[PDB]
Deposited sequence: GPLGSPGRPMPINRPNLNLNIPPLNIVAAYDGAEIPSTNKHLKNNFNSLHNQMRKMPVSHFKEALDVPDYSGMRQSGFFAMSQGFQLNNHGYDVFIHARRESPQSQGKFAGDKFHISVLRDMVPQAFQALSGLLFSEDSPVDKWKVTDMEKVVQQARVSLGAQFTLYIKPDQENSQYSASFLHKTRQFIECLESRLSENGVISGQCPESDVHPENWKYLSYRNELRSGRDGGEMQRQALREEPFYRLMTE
């Protein structure tokens, strides 16, 4: 499995990642603004956008490319509900970037959260991660890119004075992540902190 490989290459992956140069993400400009996202079924930078009325989100899935099978890894971004539009705009360049390692994500539609009487304290953004290789093994290059990406998101939000939200109860995050949090749906918060993926993303 994917996790088996991470465990047996734990130090090797870490050692390669920690010596790689900073990643560069060519951010997108020709993207929709938040109100645009609420369009309904359009295309933007290769990402198929979809807003149906059965949930409180707007989904984005890149028609491409990651060749591996889902291993359950994903991140959530939590901000004050009032600031979702600002957060979205600030992160749009990276989220729609051709260099982004995230092929699938979603953002809550505040109109729909109100119509469906849902609470929105956090996890307004969800980022799905999948091994890049066909054999379902994460490569050192990809993990480094993903970590770099997640950190750019963190920095962009704080530089924009976005007020943080409330981390989901089932997620875990280090003290230096103010918006991002992690969880693996395929497997206690204590156990998540031990996941190799999570530790390679934080230590």
| property | result |
| --- | --- |
| Deposited sequence positions missing from the model - stretches, numbered from 1, in order | 1-36, 75-76, 104, 227-234 |
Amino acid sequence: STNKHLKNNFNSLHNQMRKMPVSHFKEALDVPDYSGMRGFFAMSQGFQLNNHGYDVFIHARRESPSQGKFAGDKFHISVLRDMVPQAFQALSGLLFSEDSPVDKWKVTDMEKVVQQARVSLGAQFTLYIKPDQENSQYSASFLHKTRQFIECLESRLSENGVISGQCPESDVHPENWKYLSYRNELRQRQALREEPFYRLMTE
From here on, numbers count along this sequence of modelled residues.
property	result
Mean temperature factor over C-alpha atoms, higher-scoring stretch between 92-100 and 109-117	109-117
Higher-B stretch (mean Cα B-factor, as the entry records it), 8-16 or 21-29	21-29
Maximum C-alpha temperature factor, selected from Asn160, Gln67, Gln137, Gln148	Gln67
Deposited CA B-factor, highest of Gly39, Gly53, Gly165, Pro174	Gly39
For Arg62, the third of its chain into which the C-alpha B factor falls	highest
